[PDB]
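**Student:** Provided herewith is a single structure, encoded as structure tokens, for subsequent inquiry.
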Amino acid sequence: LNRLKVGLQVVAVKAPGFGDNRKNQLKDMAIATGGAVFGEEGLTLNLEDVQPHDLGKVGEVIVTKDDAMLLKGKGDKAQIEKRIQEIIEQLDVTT
Amino acid sequence: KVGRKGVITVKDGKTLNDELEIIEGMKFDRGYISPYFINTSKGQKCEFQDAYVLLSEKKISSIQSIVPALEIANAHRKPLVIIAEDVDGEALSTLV
Amino acid sequence: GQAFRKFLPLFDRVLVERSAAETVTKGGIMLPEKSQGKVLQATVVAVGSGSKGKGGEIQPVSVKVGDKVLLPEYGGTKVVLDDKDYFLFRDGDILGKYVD
Amino acid sequence: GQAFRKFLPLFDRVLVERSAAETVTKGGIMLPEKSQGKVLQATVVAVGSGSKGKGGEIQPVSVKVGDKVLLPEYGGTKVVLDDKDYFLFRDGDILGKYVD
Amino acid sequence: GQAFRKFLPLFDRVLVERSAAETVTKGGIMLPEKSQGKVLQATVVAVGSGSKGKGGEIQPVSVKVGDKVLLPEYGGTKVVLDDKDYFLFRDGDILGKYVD
Amino acid sequence: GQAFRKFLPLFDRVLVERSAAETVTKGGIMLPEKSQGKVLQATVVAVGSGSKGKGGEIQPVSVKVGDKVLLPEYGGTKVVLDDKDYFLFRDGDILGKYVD
């Protein structure tokens, strides 16, 4: 209703992946975009007190009927590297 | 290694050659309850030294049941391992 | 009666504000915001005029604005004043009063 | 008692009109007309004669026409006056009175 | 009324502390801490001001601080004072008073 | 009021002891201890001070210690005094009084 009556630039999409896979993608996107994940069981972050710095930034987003795209995330490279390193270590532990 | 009356078991290998593996201590085939507790990046392992051991036969549920042990552990500045029948939602959330 | 923030309770109704809940134990361990439930400590912020239940002339309320009180676990009506929470009680429901 | 629009509440009944609900937030975002539910702000438009529940002589109603009041969430009887909505309360049900 | 540990019951409310439950039988056999249930022996620690239910002037409470009492099995409101347990009763609920 | 075995009922409460149940019929046939159920014959052992339900001054209890009474089948609170059983009633619950 707000989008229709004001032209407010908002879009909503389903979370991808099921189970813990969903959580994994959500965290990975959090690091990738420099945002935060709300509602985590550990260190639960509330929606009522969202802050401007808790939202990720992306240079371009394309959404269509089948898929959605964020192109240029603004996550910090050091945390991105940490995430990639931990992922390859997990890959090396159990197959 | 294990004595003339020790326990020896046979298992399928995944390699071209046979191997002898020695198991010491206590193996009981239970994993970590929460990934948040991981403290070693290489291998995703929990490694602690000089830890306190809590053995609970019944499930651990209440904040009142858990707070004294964590208070003691923090007072003594030592790690704690909690072996319990199960951990309930509230205790698990508080711990993590 | 004494009004508070442009609001005055009527008759023997009492308006109070609950104190903030405890967030850290006596040690350094702070507690999840879901576990405290409801706190019974409150401060009286407004007082009604008097009990309609008294025969004849109405008697004044036994409590004054600024008193610190212990509340019951079961009563209270939700009201919102400038986004801060207050609860309306009868004089008879308050469990106790604090003195200094 | 004081009548309003050719209608007078009886005894200690109080007739009030609720104010219009908020439609736009403090910002520029206006809110759907299904989300406000019911508003507790009202203005007193008519006042009854006095409480039958008082022993002996009936006492006058404590509120006057034109007072602004905070209503409870649970009471009220639906009545229609010239297609504008009003609600009938007892003096005892009104949560609060506003003063200027 | 007489306050206790910075707390005073209001009106005819009575604050008491239950004695410790029996832990060993008359012999040498001590009993599991799950079997005693609830004990009805208590000592009066604080006393309210007087009964609001009396018409006219309120009458003083019939019991004094320090009295030993037999409690009913069904009443009581849980309150916590400096981690020791107390229960709030009305004067009318106490089954009996002990004398020396 | 008159105390009994270091215990005194409060206000209009009445303490009584039930007589022993019949164990042998008028003949020579004695009856199983599971069949008598509850007996309504009792003797008054202690008496309260007076009824709080009377307006104004409290009236004295209508019964005296040592009276023999017929009890109702439905009331009574279990209390234990030196391993002998007693029951607490209000003056109004006693069905009857015996006289000699």
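Chain F is numbered as in Swiss-Prot; shown residues: 3-102, in order.
Determined via electron microscopy, 7.3 Å.
Each Cβ is built from the backbone N, Cα and C atoms, and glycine gets one as well.
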**Student:** Swiss-Prot tags one of F:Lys36, F:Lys56 as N6-malonyllysine; which one?
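**Tutor:** The residue tagged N6-malonyllysine by Swiss-Prot is F:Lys56.
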**Student:** So which of F:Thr27, F:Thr79 shows up as phosphothreonine in Swiss-Prot?
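**Tutor:** Record says F:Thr79.
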**Student:** State the Cα to Cα distance, in Å, between F:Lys80 (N6-succinyllysine) and F:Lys40 (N6-malonyllysine), rounded to an integer.
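**Tutor:** Per the Cα atoms, F:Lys80 (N6-succinyllysine) and F:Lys40 (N6-malonyllysine) stand 13 Å apart.
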**Student:** Which residues, sitting 6 or more apart from F:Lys70 (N6-acetyllysine) on the same chain, put a CB under 8 Å from its CB?
**Tutor:** F:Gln43, F:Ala44, F:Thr45, F:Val46, F:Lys99, F:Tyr100
**Student:** Could you measure between F:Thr79 (phosphothreonine) and F:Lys86 (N6-acetyllysine) for me? Cα positions, answer in whole angstrom.
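**Tutor:** Distance (Cα to Cα, whole Å): 14 Å.
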**Student:** Mind checking which of F:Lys40, F:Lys99 has the fewest other CB atoms within 10 A of its CB? They're the modified residues.
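**Tutor:** Minimum Cβ neighbour count within 10 Å, taken over the modified residues F:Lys40, F:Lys99, occurs at F:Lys40.
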**Student:** Roughly how many Å lie between the Cα atoms of F:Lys54 (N6-malonyllysine) and F:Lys86 (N6-acetyllysine), rounded to a whole value?
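**Tutor:** With the alpha carbons as reference points, the distance is 29 Å.
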**Student:** State the three-class DSSP label for F:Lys56 (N6-acetyllysine), counting H, G and I as helix, E and B as strand, and everything else as coil.
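**Tutor:** Reduced to three states, the DSSP call for F:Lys56 (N6-acetyllysine) is coil.
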